[PDB]
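Asks: For reference, the file entry.txt (compact mmCIF, C-alpha atoms) is included below:
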```txt
# COMPACT_ATOMS: atom_id res chain seq x y z
CA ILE T 159 -10.56 -5.77 -25.86
CA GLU T 160 -8.92 -3.70 -23.13
CA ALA T 161 -9.43 -0.15 -21.90
CA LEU T 162 -6.22 1.87 -21.97
CA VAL T 163 -4.93 2.07 -18.38
CA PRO T 164 -1.27 2.99 -17.84
CA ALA T 165 0.96 0.60 -15.94
CA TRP T 166 2.08 2.33 -12.74
CA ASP T 167 5.48 1.28 -11.45
CA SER T 168 7.15 2.05 -8.14
CA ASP T 169 8.09 5.59 -9.21
CA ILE T 170 4.61 6.77 -10.23
CA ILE T 171 2.98 5.10 -7.18
CA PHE T 172 5.36 6.96 -4.87
CA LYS T 173 4.54 10.24 -6.63
CA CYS T 174 0.84 9.51 -6.12
CA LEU T 175 1.47 8.79 -2.42
CA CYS T 176 3.32 12.10 -2.01
CA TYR T 177 0.32 13.85 -3.54
CA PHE T 178 -2.10 11.92 -1.30
CA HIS T 179 -0.13 13.02 1.78
CA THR T 180 -0.70 16.68 0.96
CA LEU T 181 -4.44 15.92 0.90
CA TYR T 182 -4.37 13.64 3.95
CA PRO T 183 -1.39 14.55 6.13
CA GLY T 184 -1.86 11.46 8.29
CA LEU T 185 -0.73 9.34 5.34
CA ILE T 186 3.01 8.79 5.35
CA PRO T 187 4.23 8.39 1.76
CA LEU T 188 6.31 5.24 2.19
CA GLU T 189 8.85 4.63 -0.54
CA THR T 190 8.04 1.92 -3.02
CA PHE T 191 11.55 0.68 -3.85
CA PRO T 192 12.90 -1.59 -2.51
CA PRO T 193 9.28 -2.72 -2.27
CA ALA T 194 7.59 -4.66 0.47
CA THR T 195 7.18 -8.31 -0.52
CA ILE T 196 5.13 -11.22 0.80
CA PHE T 197 8.36 -12.28 2.53
CA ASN T 198 9.00 -9.12 4.55
CA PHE T 199 5.97 -6.80 4.60
CA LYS T 200 5.18 -7.66 8.21
CA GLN T 201 8.68 -6.99 9.47
CA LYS T 202 8.80 -3.79 7.40
CA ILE T 203 5.62 -2.52 9.09
CA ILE T 204 6.92 -3.44 12.54
CA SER T 205 10.18 -1.53 11.91
CA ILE T 206 8.23 1.59 10.89
CA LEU T 207 5.97 1.35 13.95
CA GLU T 208 9.04 0.87 16.17
CA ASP T 209 10.53 4.03 14.65
CA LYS T 210 7.29 5.95 15.24
CA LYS T 211 7.47 4.86 18.89
CA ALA T 212 11.06 6.06 19.09
CA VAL T 213 10.17 9.47 17.64
CA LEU T 214 7.29 9.85 20.10
CA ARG T 215 9.81 9.17 22.88
CA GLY T 216 12.32 11.63 21.42
CA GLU T 217 14.74 8.78 20.75
CA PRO T 218 16.87 8.11 17.64
CA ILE T 219 15.50 6.22 14.62
CA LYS T 220 16.56 2.59 14.12
CA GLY T 221 15.68 2.50 10.42
CA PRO T 222 15.69 1.61 7.67
CA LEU T 223 15.85 5.22 6.47
CA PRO T 224 14.18 6.80 3.42
CA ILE T 225 16.24 7.42 0.27
CA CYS T 226 14.35 10.55 -0.78
CA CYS T 227 13.81 12.13 2.64
CA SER T 228 15.98 14.04 5.10
CA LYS T 229 16.35 12.61 8.60
CA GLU T 230 14.41 15.47 10.17
CA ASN T 231 11.55 15.43 7.66
CA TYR T 232 11.15 11.69 8.21
CA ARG T 233 10.86 12.34 11.95
CA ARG T 234 8.19 14.97 11.25
CA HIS T 235 6.28 12.42 9.18
CA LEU T 236 6.55 9.68 11.81
CA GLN T 237 5.36 12.07 14.54
CA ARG T 238 2.26 12.85 12.49
CA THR T 239 1.38 9.66 10.68
CA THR T 240 -1.84 7.77 11.28
CA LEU T 241 -1.80 5.55 8.19
CA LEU T 242 0.83 3.40 6.48
CA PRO T 243 0.27 2.65 2.77
CA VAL T 244 2.31 -0.51 2.20
CA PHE T 245 2.73 -1.53 -1.43
CA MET T 246 3.79 -5.13 -1.93
CA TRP T 247 5.36 -6.21 -5.20
CA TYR T 248 4.61 -9.86 -5.95
CA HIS T 249 5.40 -12.43 -8.64
CA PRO T 250 4.36 -16.14 -8.55
CA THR T 251 7.77 -17.52 -9.59
CA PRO T 252 10.37 -16.21 -7.11
CA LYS T 253 10.56 -18.06 -3.78
CA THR T 254 12.70 -15.63 -1.74
CA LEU T 255 13.10 -11.90 -1.21
CA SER T 256 16.41 -11.94 -3.12
CA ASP T 257 14.91 -13.75 -6.10
CA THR T 258 11.87 -11.46 -6.01
CA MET T 259 14.12 -8.40 -6.26
CA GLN T 260 16.04 -10.01 -9.14
CA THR T 261 12.82 -10.77 -11.05
CA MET T 262 11.58 -7.21 -10.55
CA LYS T 263 14.90 -5.86 -11.81
CA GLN T 264 14.82 -8.11 -14.91
CA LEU T 265 11.25 -7.07 -15.71
CA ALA T 266 12.10 -3.38 -15.25
CA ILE T 267 14.96 -3.70 -17.74
CA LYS T 268 12.54 -5.31 -20.18
CA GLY T 269 9.87 -2.68 -19.60
CA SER T 270 7.42 -5.51 -18.94
CA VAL T 271 4.87 -6.27 -16.23
CA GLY T 272 4.66 -10.01 -16.93
CA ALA T 273 2.92 -11.91 -14.13
CA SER T 274 3.96 -9.31 -11.53
CA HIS T 275 1.39 -7.73 -9.22
CA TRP T 276 0.95 -4.93 -6.69
CA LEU T 277 -0.88 -5.64 -3.41
CA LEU T 278 -1.85 -2.96 -0.90
CA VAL T 279 -1.74 -3.32 2.85
CA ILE T 280 -3.15 -0.33 4.73
CA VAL T 281 -2.06 -0.07 8.35
CA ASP T 282 -4.57 2.34 9.88
CA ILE T 283 -2.94 3.21 13.20
CA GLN T 284 -5.64 5.64 14.24
CA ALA T 285 -8.54 3.22 13.67
CA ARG T 286 -6.38 0.14 14.36
CA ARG T 287 -7.35 -1.68 11.17
CA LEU T 288 -5.32 -3.76 8.72
CA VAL T 289 -6.77 -3.66 5.20
CA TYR T 290 -5.63 -6.01 2.44
CA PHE T 291 -6.50 -5.07 -1.15
CA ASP T 292 -5.87 -7.55 -3.98
CA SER T 293 -7.37 -6.30 -7.23
CA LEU T 294 -7.16 -9.92 -8.39
CA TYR T 295 -8.94 -11.16 -5.23
CA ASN T 296 -6.87 -14.31 -4.58
CA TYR T 297 -3.74 -14.04 -6.67
CA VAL T 298 -1.34 -14.72 -3.77
CA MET T 299 -3.62 -17.05 -1.82
CA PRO T 300 -7.32 -17.52 -1.02
CA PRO T 301 -8.64 -14.56 0.97
CA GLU T 302 -9.53 -16.76 3.97
CA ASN T 303 -5.85 -17.76 4.13
CA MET T 304 -4.62 -14.15 4.06
CA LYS T 305 -7.24 -13.31 6.68
CA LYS T 306 -5.75 -15.92 9.03
CA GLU T 307 -2.22 -14.67 8.36
CA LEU T 308 -3.25 -11.08 9.08
CA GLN T 309 -5.21 -12.00 12.22
CA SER T 310 -1.98 -13.44 13.60
CA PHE T 311 -0.12 -10.31 12.51
CA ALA T 312 -2.79 -8.08 14.07
CA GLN T 313 -2.15 -9.75 17.42
CA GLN T 314 1.56 -9.04 17.01
CA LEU T 315 0.84 -5.37 16.25
CA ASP T 316 -1.20 -5.13 19.43
CA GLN T 317 2.02 -5.96 21.29
CA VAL T 318 4.36 -3.87 19.10
CA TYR T 319 2.14 -0.80 19.05
CA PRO T 320 -0.35 -1.12 21.95
CA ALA T 321 -3.34 1.15 22.53
CA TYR T 322 -3.96 2.50 26.02
CA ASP T 323 -7.57 1.32 25.85
CA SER T 324 -6.15 -2.05 24.71
CA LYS T 325 -8.20 -1.91 21.51
CA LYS T 326 -7.26 -4.77 19.20
CA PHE T 327 -6.26 -4.36 15.56
CA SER T 328 -9.01 -5.56 13.24
CA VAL T 329 -8.54 -7.16 9.82
CA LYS T 330 -10.38 -6.47 6.56
CA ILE T 331 -9.95 -8.31 3.23
CA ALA T 332 -11.39 -5.58 1.01
CA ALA T 333 -12.08 -7.25 -2.37
CA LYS T 334 -15.01 -9.73 -2.43
CA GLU T 335 -14.55 -10.65 -6.09
CA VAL T 336 -11.97 -10.12 -8.84
CA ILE T 337 -11.80 -6.36 -9.40
CA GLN T 338 -9.26 -6.16 -12.17
CA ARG T 339 -11.36 -8.19 -14.60
CA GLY T 340 -10.08 -8.25 -18.17
CA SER T 341 -7.06 -6.04 -17.43
CA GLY T 342 -3.39 -7.05 -17.31
CA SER T 343 -1.39 -4.07 -15.97
CA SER T 344 -3.77 -1.86 -13.97
CA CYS T 345 -2.95 -3.18 -10.49
CA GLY T 346 -0.85 -0.23 -9.33
CA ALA T 347 -3.56 2.22 -10.33
CA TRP T 348 -6.21 0.02 -8.66
CA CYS T 349 -4.31 0.07 -5.38
CA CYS T 350 -4.01 3.85 -5.48
CA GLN T 351 -7.69 4.23 -6.39
CA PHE T 352 -8.71 1.99 -3.50
CA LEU T 353 -6.40 3.92 -1.19
CA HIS T 354 -7.97 7.22 -2.22
CA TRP T 355 -11.49 5.90 -1.61
CA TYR T 356 -10.40 4.69 1.82
CA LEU T 357 -8.88 8.07 2.73
CA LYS T 358 -12.13 9.81 1.74
CA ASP T 359 -14.44 7.27 3.40
CA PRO T 360 -13.10 4.16 5.19
CA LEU T 361 -16.58 2.67 5.71
CA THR T 362 -18.28 2.78 2.32
CA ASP T 363 -17.64 -0.29 0.16
CA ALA T 364 -16.65 1.61 -2.99
CA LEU T 365 -15.68 -1.63 -4.75
CA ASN T 366 -19.31 -2.72 -4.65
CA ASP T 367 -20.32 0.37 -6.65
CA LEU T 368 -18.10 -0.43 -9.64
CA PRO T 369 -19.67 -1.09 -13.05
CA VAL T 370 -20.11 -4.80 -13.79
CA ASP T 371 -18.71 -4.30 -17.30
CA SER T 372 -14.92 -4.78 -17.35
CA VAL T 373 -14.22 -2.00 -19.83
CA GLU T 374 -16.40 0.67 -18.20
CA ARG T 375 -14.77 -0.26 -14.90
CA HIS T 376 -11.27 0.31 -16.26
CA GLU T 377 -12.22 3.41 -18.22
CA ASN T 378 -13.26 4.92 -14.89
CA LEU T 379 -9.88 3.95 -13.47
CA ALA T 380 -8.23 5.55 -16.50
CA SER T 381 -10.06 8.78 -15.63
CA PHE T 382 -8.66 8.57 -12.10
CA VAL T 383 -5.16 7.90 -13.47
CA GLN T 384 -5.39 10.95 -15.74
CA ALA T 385 -6.43 13.11 -12.78
CA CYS T 386 -3.51 11.83 -10.70
CA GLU T 387 -0.81 12.17 -13.36
CA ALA T 388 -1.76 15.82 -13.83
CA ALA T 389 -1.70 16.41 -10.07
CA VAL T 390 1.83 15.00 -9.61
CA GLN T 391 3.37 16.81 -12.60
CA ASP T 392 5.09 19.53 -10.57
CA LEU T 393 5.81 17.67 -7.33
CA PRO T 394 9.49 17.88 -6.27
CA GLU T 395 11.58 15.10 -7.77
CA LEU T 396 12.53 12.11 -5.60
CA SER T 397 11.61 14.11 -2.50
CA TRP T 398 9.05 13.61 0.25
CA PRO T 399 6.47 16.30 0.95
CA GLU T 400 7.43 18.59 3.81
CA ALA T 401 5.71 17.59 7.08
```
Could you quickly redo this structure as structure tokens?
Replies:
Amino acid sequence: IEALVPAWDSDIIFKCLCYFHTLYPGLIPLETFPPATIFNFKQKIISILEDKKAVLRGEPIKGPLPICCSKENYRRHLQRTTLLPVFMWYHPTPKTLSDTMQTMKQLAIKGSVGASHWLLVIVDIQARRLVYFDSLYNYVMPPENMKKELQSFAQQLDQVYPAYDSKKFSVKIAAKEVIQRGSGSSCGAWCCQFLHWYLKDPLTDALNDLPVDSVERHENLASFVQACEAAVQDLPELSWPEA
């Protein structure tokens, strides 16, 4: 027994992020392919923050550059952005970035999700918070382990992107239990739903207010998915919103 929730791949997630930007201009709609992975999400975030610093200094971008965005529009986004939505594509089997990309490619050809999984890392620059959302709670590793990893990373970000008041990046592991209970392919949608809740209200623990019943929980997510798919219908194709 499973509520019907569409699988959201890199293309639909990106469309949703573009839509979210128009609602919350501080959100930069980072491209979802090639995706962040557990092997390079930290370095990816650092590169983006370094490029924001460069833009704020009126210096050239170092990259990497967006595929669906002009150079100038990307600079406009970096100037403005307060929040990085980093989507990490994960699979238990591959042991390197190269093998992860190969597995993703194979699964895409098959039109299958398999054991693959989307994680969300929110880098809130304005509030200086790192938020890790795993709809499966501990799929990659126990949350206490990810917390330690991200505490180390937070210290690094304090050096890469310092605050004048020397405020330190904080870390939050958002899910306190398995969220995606009884569902096999809803992780992309869950990440976007969590992201939307966070954009509306970064304090309220929306996850705690979910129905205990697995089906009702995912039928609510399906309602959210339906609302999003309608909203992104007419968004320009493979093209960032104009900042």
Asks: Residue T:368: which residues within 12 Å, counting all atoms listed in the file, same-chain residues fewer than 3 positions away excluded, as a ChimeraX atom specification?
Replies: /T:333,335-339,348,351-352,363-365,371-379
Asks: Which one of T:297, T:302, T:195, T:343 sits closest to residue T:269 if you count all atoms listed in the file?
Replies: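 Of T:297, T:302, T:195, T:343, the one nearest residue T:269, counting all atoms listed in the file, is T:343.
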Asks: List the residues sitting within 9 Å of (-11.0, -4.3, 8.7) in the file's frame, using all atoms listed in the file, as a ChimeraX atom specification.
Replies: /T:286-290,327-332
Asks: Could you state the separation of atom CA of residue T:306 and atom CA of residue T:241 in Å, given to one decimal place?
Replies: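 Calculated distance between atom CA of residue T:306 and atom CA of residue T:241 is 21.8 Å.
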Asks: Residues near residue T:165, anyone? I mean within 10 Å using all atoms listed in the file, not counting same-chain ones fewer than 5 positions away, as a PDB file with C-alpha atoms, keeping the file's coordinate frame.
Replies:
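What follows is the written file selection19.pdb:
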```pdb
ATOM      1  CA  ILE T 170       4.610   6.770 -10.230  1.00  0.00           C
ATOM      2  CA  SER T 270       7.420  -5.510 -18.940  1.00  0.00           C
ATOM      3  CA  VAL T 271       4.870  -6.270 -16.230  1.00  0.00           C
ATOM      4  CA  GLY T 342      -3.390  -7.050 -17.310  1.00  0.00           C
ATOM      5  CA  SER T 343      -1.390  -4.070 -15.970  1.00  0.00           C
ATOM      6  CA  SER T 344      -3.770  -1.860 -13.970  1.00  0.00           C
ATOM      7  CA  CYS T 345      -2.950  -3.180 -10.490  1.00  0.00           C
ATOM      8  CA  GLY T 346      -0.850  -0.230  -9.330  1.00  0.00           C
ATOM      9  CA  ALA T 347      -3.560   2.220 -10.330  1.00  0.00           C
ATOM     10  CA  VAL T 383      -5.160   7.900 -13.470  1.00  0.00           C
TER      11      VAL T 383
END
```
Asks: Tell me which protein, DNA and RNA residues are within 7 Å of stretch 208-211 of chain T, counting only C-alpha atoms, leaving out same-chain ones fewer than 2 positions away, and put them as number ranges by chain.
Replies: T: 204-206, 213-215, 219-221, 236-237
Asks: Can you tell me how far atom CA of residue T:182 sits from atom CA of residue T:226, in Å to one decimal?
Replies: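 Atom CA of residue T:182 sits 19.6 Å away from atom CA of residue T:226.
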Asks: If we count only C-alpha atoms, what is near residue T:177 at a cut-off of 12 Å, once residues fewer than 6 positions away on the same chain are taken out, given as a list in words?
Replies: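 Once the adjacent positions are removed, what remains is residues 170, 171, 183, 185, 186, 187, 188, 350, 354, 385, 386, 387, 388, 389, 390, 391, 392, 393, 394, 397, 398, 399 and 400 of chain T.
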Asks: Taking into account only C-alpha atoms, which residue in the set T:174, T:159, T:255, T:181 is nearest to residue T:341?
Replies: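 Closest to residue T:341 of all the choices is T:159.
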Asks: Given the choices T:201, T:334, T:263, T:358, which gets closest to residue T:301 if the distance is worked out from all atoms listed in the file?
Replies: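 With all atoms listed in the file as the atom set, the closest residue is T:334.
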Asks: Which residue is closest to residue T:168? Choose from T:366, T:227, T:283, T:396 and count all atoms listed in the file.
Replies: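 Once distances to residue T:168 are computed over all atoms listed in the file, the minimum belongs to T:396.
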Asks: Which one of T:225, T:231, T:200, T:384 sits closest to residue T:313 if you count only C-alpha atoms?
Replies: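 The closest residue to residue T:313 is T:200.
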